[PDB]
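Visitor: Got a structure here, written out as structure tokens. Questions coming.
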RNA sequence: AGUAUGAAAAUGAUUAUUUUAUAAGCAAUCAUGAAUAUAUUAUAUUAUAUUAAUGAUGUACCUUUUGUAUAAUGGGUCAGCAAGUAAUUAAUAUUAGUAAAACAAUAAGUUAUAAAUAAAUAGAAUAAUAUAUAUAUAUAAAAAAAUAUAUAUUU
RNA sequence: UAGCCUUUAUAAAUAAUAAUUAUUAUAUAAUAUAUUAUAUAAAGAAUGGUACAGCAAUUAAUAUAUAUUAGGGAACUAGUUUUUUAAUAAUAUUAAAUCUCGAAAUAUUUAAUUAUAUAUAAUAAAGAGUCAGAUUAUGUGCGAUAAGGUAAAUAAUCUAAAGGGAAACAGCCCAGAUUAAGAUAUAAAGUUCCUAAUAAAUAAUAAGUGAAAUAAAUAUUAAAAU
RNA sequence: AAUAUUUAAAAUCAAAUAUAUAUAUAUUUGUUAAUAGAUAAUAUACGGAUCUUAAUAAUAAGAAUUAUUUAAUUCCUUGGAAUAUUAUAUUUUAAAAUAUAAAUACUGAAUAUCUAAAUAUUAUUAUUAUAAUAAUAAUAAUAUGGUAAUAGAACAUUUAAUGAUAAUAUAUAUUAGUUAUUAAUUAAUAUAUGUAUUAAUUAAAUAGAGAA
RNA sequence: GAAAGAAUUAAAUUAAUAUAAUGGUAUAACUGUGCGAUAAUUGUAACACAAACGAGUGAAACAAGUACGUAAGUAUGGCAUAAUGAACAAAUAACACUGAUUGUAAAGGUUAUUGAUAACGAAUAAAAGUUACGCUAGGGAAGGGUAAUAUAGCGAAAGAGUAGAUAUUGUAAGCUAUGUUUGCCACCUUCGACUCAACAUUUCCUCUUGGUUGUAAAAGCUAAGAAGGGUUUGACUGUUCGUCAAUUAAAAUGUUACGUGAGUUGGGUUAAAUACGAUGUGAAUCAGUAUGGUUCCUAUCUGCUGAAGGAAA
Ligand SMILES: [Mg+2]
Ligand SMILES: [Mg+2]
Ligand SMILES: [Mg+2]
Ligand SMILES: [Mg+2]
Ligand SMILES: [Mg+2]
Ligand SMILES: [Mg+2]
Ligand SMILES: [Mg+2]
Ligand SMILES: [Mg+2]
Ligand SMILES: [Mg+2]
Ligand SMILES: [Mg+2]
Ligand SMILES: [Mg+2]
Ligand SMILES: [Mg+2]
Ligand SMILES: [Mg+2]
Ligand SMILES: [Mg+2]
Ligand SMILES: [Mg+2]
Ligand SMILES: [Mg+2]
Ligand SMILES: [Mg+2]
Ligand SMILES: [Mg+2]
Ligand SMILES: [Mg+2]
Ligand SMILES: [Mg+2]
Ligand SMILES: [Mg+2]
Ligand SMILES: [Mg+2]
Ligand SMILES: [Mg+2]
Ligand SMILES: [Mg+2]
Ligand SMILES: [Mg+2]
Ligand SMILES: [Mg+2]
Ligand SMILES: [Mg+2]
Ligand SMILES: [Mg+2]
Ligand SMILES: [Mg+2]
Ligand SMILES: [Mg+2]
Ligand SMILES: [Mg+2]
Ligand SMILES: [Mg+2]
Ligand SMILES: [Mg+2]
Ligand SMILES: [Mg+2]
Ligand SMILES: [Mg+2]
Ligand SMILES: [Mg+2]
Ligand SMILES: [Mg+2]
Ligand SMILES: [Mg+2]
Ligand SMILES: [Mg+2]
Ligand SMILES: [Mg+2]
Ligand SMILES: [Mg+2]
Ligand SMILES: [Mg+2]
Ligand SMILES: [Mg+2]
Ligand SMILES: [Mg+2]
Ligand SMILES: [Mg+2]
Ligand SMILES: [Mg+2]
Ligand SMILES: [Mg+2]
Ligand SMILES: [Mg+2]
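Below, the structure written as structure tokens:
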């Protein structure tokens, strides 16, 4: 290994904060998507925008992917997530079966919340 | 109701399927704002690119000209010709 | 190796301005003091020009390579010279001329005007769009595959 | 030659790209134990056999004061018991590139709908170049779970991409330079000084451990929980 | 206290979210540290300086390491409210009371916006003179890194065809201006020439050299 | 209640399939049996799959004829996926198409068939070696990485040690370091001697110290600190190395382009000459042996050794 890819094995505090913020943003996006759908469905039934926003009973999304994203068991929120799953991917060939998320290529775009139950 | 979707991240490190989805959605460059009438189809497409994009719901959409007008900064002066 | 002329450059010496004897690397660019020069509107607290205070950024150029600051190629510098051109043809395209004809006008020819078929004495609505017709295979004649031909004016 | 690139055009043109709907079940309401609507749940039309999971059948491995089949010993007067040797059965437990009876996600992929049209496909007439590739990540073959190794699979970047970060850096993290301007949002990465930018909270460390390239079995000393 | 394990949130408990809801069900989260082991040849090598805080005593420092977090702290549902803080002003006796503010952490690209300029296309205009056009100028949008390659548009140079003009001119050179500038033009200065095969349009090329 | 039939359910594709392996097959594609021996037929084949082209694959339908079946229908070889070869040039037939003045002919064409190019998209009907006498065009189409090996260490301790695993020793298996050996990779196209050495410490000697029923003493053995100083001369060989001789306090191990050829040498390795043994029909060749035998360099910069001038004191 003569070429030096000087990437540290762990993240800095600032990196971790940015990661957390990114995770929070994707959860927010999902929430907005569900909310807009609900609003649209209220309008279809025949309420005003404000009335729809007020509504006690929020409509859950019927499409599959959205419904999965809503579930925390499948796609957890940043507040829900463990410290470890925020900053460590599962890597079967690593010692500890764990690897920094920053070592994943395009980790800033690519999402990866859920690790295996005991790894 | 309308999703105001914004292409927050670039499409440089992004695979070709996700690029194609972004193109279909209508977003060109980074930070290129697009309003979309809400429906299941557009919602699912947005979910598919959830990490590149910032979405927020709105009462009304805006045409490109309106958006431009909103953007324009205040010229702090009033011309008086003589 | 003509004759005039020659502030063309490389190159040498000298003078002037400016910087330089505690500072380290493509010697430039950008920031920015100072010094000097020029300026018949510097009215100035001015403008331009020249100059390695000081600060920041800055790994020659080409070639060949997956990849070159490379200790890979090539160049001492400047001046001059040094590389997709012609002929005879064929196919496309664009325009222009003429146009069911064109070129040529002495005739002759080339292309077009009919599609086929290895080739032969075969060759396009019997009452209309293919469901008709022509050709090649086949045949008594159709059907069948293929391509072509037809819905005031021929293309 | 095809693949990928370019130019000029053609339409009784959206055929392209992306997603949704499509299914199953439950509850409620309305009609005729069925149908429709609404809401919710379910990795949700069709195709599949990798991961995972599993030991079924196949191929392999282990154990039985268990049973049967024979054999070798052994005690009394050929019969009999025990300590057994293998095989077979029974029961329990295990694994495999060429085992999958269970089984994902990603994937392949169809209709209509919506969204992309200052956008795509297809076709027609013409021009190319290229066929030494590299690294990173993931899943493998070879190698020794060695190589800046080698061989291909998928994605990205470099190739041909300047800019910010990673001390310096082809391939990593961001992000694509038409020309400026420099007020505002920022990305990745940073905020004691060098060096543009910082203040806090709660724990732990005392080894300069560490502070952007994490060195192992094991040992000692603590600390919690039982 | 002693012996022996484990270093765990599966179970268990605690806390939080979602469905009927003072409870039940389902989901999500929470379970050690230090040292030794330790190791080669130009020179210490976190990039370097340097970084573990300390009362008296500061209008003042107290990780710049590791782990979990925040953008002053605490409740309620990004937002408001309360709480103290900090700074400031006022009033009263260096303190107290009242009130105003700050709470949007910041840096950061050739990213995006704004601000202007250019070209190209699409869609609207305006002005001036296939007028369903051309030129120029507006507005909105999209696009403009590029090797191999493809396509489009220009300029310099030399010759041929046509061709005014003139030493107050032309050409070449130097210096300083000008025009979004390989080019040309203005002025000054110099040297030549009684003068552009000149401007412009065509036709062509021994038509552009830091790379053999 | 009994007999017979029709059968259904469960299981099975582990047998069998002309043939490998895989998929399929009991609704059988497997097996038996009647007829038959035909469809192991003739012209057009769309449309798909696959696909650079050349080819390859499945195939509806139309037309002619055939075999089986009461009929429905089925058959254009085999349950499927291998069982193969272009043109050119010859050859054989059929076709009635051309017939170089006309007629015949020849010769060519169409249709069907024939043999191989296995380096198997086949260059020709037909082609092996050698060069250290070689030549031209190009390409690189010890250092670096690795650490299997090697060297060193650590953990655990079977076992030796008169008794006791751990004074000293330490099987096989375990965890590391090193980049000193032999390899592997292919980014990257000279051994020894002399001379002068610089550096490391994993210490051979000298200094300090722990352990040593195996430290009585003296010699040792083993371990910790320690790089200040020191660490060989000869015979043999080109040798480093090694064997020995004589010494020494000791004759340590490396790194430095296995330091040092613009500093020396040139014995080894190395081309031209020649011979020998072996190999080859031979030219010639060799992880062979032997004699002979070719590079040079005035120092520009860095650096170092000395010596001046200038200077800001
Ligand atoms: Mg000085
Ligand atoms: Mg110097
Ligand atoms: Mg050099
Ligand atoms: Mg060079
Ligand atoms: Mg040279
Ligand atoms: Mg016929
Ligand atoms: Mg090609
Ligand atoms: Mg469609
Ligand atoms: Mg497999
Ligand atoms: Mg299965
Ligand atoms: Mg290749
Ligand atoms: Mg490689
Ligand atoms: Mg290239
Ligand atoms: Mg770059
Ligand atoms: Mg690119
Ligand atoms: Mg761009
Ligand atoms: Mg340290
Ligand atoms: Mg480090
Ligand atoms: Mg739990
Ligand atoms: Mg060091
Ligand atoms: Mg640092
Ligand atoms: Mg920009
Ligand atoms: Mg371009
Ligand atoms: Mg020329
Ligand atoms: Mg020249
Ligand atoms: Mg040039
Ligand atoms: Mg079988
Ligand atoms: Mg296909
Ligand atoms: Mg084909
Ligand atoms: Mg059969
Ligand atoms: Mg058979
Ligand atoms: Mg031949
Ligand atoms: Mg004749
Ligand atoms: Mg061949
Ligand atoms: Mg071949
Ligand atoms: Mg060949
Ligand atoms: Mg041959
Ligand atoms: Mg010889
Ligand atoms: Mg013993
Ligand atoms: Mg051993
Ligand atoms: Mg090495
Ligand atoms: Mg030592
Ligand atoms: Mg003694
Ligand atoms: Mg001393
Ligand atoms: Mg040497
Ligand atoms: Mg030398
Ligand atoms: Mg040298
Ligand atoms: Mg002699």
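Chains as they are written, first to last, in the UniProt record's numbering: chain X, 13 to 131; chain W, 2 to 83. We put the CB at the ideal spot given by N, CA and C, even for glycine.
Can you tell me the Cα-Cα spacing of residue 68 (chain W) and residue 90 (chain X), whole angstroms?
Guide: In the second chain, residue 68 (chain W) corresponds to position 67, counting from 1. In the first chain, residue 90 (chain X) corresponds to position 78, counting from 1. So the two alpha carbons sit approximately 33 Å from each other.
Visitor: Label residue 64 (chain X) either buried or exposed according to how many other C-beta atoms from any shown protein chain fall within 10 Å of its C-beta, with 16 as the threshold for buried.
Guide: Numbered from its first residue, the first chain carries residue 64 (chain X) at position 52. So residue 64 (chain X) counts as buried.
Visitor: What are the start and end residues of each continuous alpha helix (DSSP H) run of 4 or more residues lying completely inside the stretch 35-63 of chain X, in chain order?
Guide: Segments of the alpha helix (DSSP H) lying fully in the stretch 35-63 of chain X: there are none.
Visitor: Does any CB atom of chain X fall closer than 8 Å to the CB of residue 52 (chain W)?
Guide: In the second chain, the residue the question calls residue 52 (chain W) occupies position 51. For residue 52 (chain W), the answer is yes, since a Cβ of chain X falls inside 8 Å of its Cβ.
Visitor: Can we say the stretch 69-80 of chain X touches the stretch 28-38 of chain X, given the rule of at least three CB pairs closer than 8 Å?
Guide: no
Visitor: Near residue 45 (chain W), which residues of its chain fall below 6 Å by C-beta distance, leaving aside the five closest residues on each side in sequence?
Guide: Here residue 45 (chain W) is taken as the residue at index 44 of the second chain, counted from 1. No residues qualify anywhere along the chain.
Visitor: Can you confirm whether residue 61 (chain X), when its beta carbon is compared against all beta carbons of chain W, has any partner nearer than 8 Å?
Guide: Stepping through the first chain from its first residue, residue 61 (chain X) is reached at position 49. Against chain W, the CB of residue 61 (chain X) has a partner CB under 8 Å away; the residue lies at that interface.
Visitor: I'd like the span of the beta strand (DSSP E) that includes residue 37 (chain W), first residue to last.
Guide: Residue numbering aside, residue 37 (chain W) sits at position 36 when the second chain is read from its first letter. Following the DSSP letters along the chain, one finds residue 37 (chain W) inside the beta strand (DSSP E) bounded by residues 35-38.
Visitor: Within the same chain, show all residues whose beta-carbon is closer than 7 Å to that of residue 39 (chain X), passing over the 5 residues directly before and after it, in chain order.
Guide: As a position in the first chain, residue 39 (chain X) is number 27, starting the count at 1. Hits under 7 Å: 89, 90.
Visitor: I'd like the ranges of any beta strand (DSSP E) spanning at least 3 consecutive residues and lying wholly in the stretch 34-70 of chain W.
Guide: 35-38, 54-59
Visitor: Sorted by chain position, which residues of the same chain lie with C-beta nearer than 6 Å to residue 36 (chain X)'s C-beta, five sequence neighbours on each side aside?
Guide: As a first step, residue 36 (chain X) must be located in the first chain, where it is residue number 24. Here the set comprises 90.
Visitor: Pick helix, strand or coil for residue 31 (chain W), following the three-state DSSP scheme.
Guide: For this step, residue 31 (chain W) is matched to residue 30 along the second chain. Three-state DSSP puts residue 31 (chain W) in coil, outside helix and strand.
Visitor: Rounded to whole angstroms, how far is the Cβ of residue 122 (chain X) from the Cβ of residue 51 (chain W), which I believe are closer than 8 Å?
Guide: To locate residue 122 (chain X), count along the first chain from 1; it is residue 110. To locate residue 51 (chain W), count along the second chain from 1; it is residue 50. Their Cβ separation, rounded to whole angstroms, is 11 Å, which puts residue 122 (chain X) and residue 51 (chain W) out of contact at 8 Å.
Visitor: Assess, as a yes-or-no matter, whether the stretch 33-40 of chain W is touched by the stretch 44-63 of chain X under the definition of 3 or more beta carbon pairs within less than 8 Å.
Guide: Touching, yes, given that three or more Cβ pairs across the two stretches are closer than 8 Å.
Visitor: Residues in its own chain within less than 8 Å of residue 58 (chain W) by CB, not counting five upstream and five downstream?
Guide: To locate residue 58 (chain W), count along the second chain from 1; it is residue 57. So the qualifying residues of the chain are 2, 3, 4, 5, 39.
Visitor: Under 9 Å, CB to CB, which of the residues in the stretch 98-129 of chain X have a partner in chain W?
Guide: 117, 118, 120, 121, 122, 123
Visitor: Does the CB of residue 77 (chain W) have a neighbour CB from chain X at under 8 Å?
Guide: Within the second chain, residue 77 (chain W) is the residue found at index 76, counting from 1. No, because no Cβ of chain X sits closer than 8 Å to the Cβ of residue 77 (chain W).
Visitor: Any idea if residue 108 (chain X) is buried or exposed, counting beta-carbon neighbours within 10 angstroms, 16 or more meaning buried?
Guide: To locate residue 108 (chain X), count along the first chain from 1; it is residue 96. So residue 108 (chain X) ends up on the exposed side.
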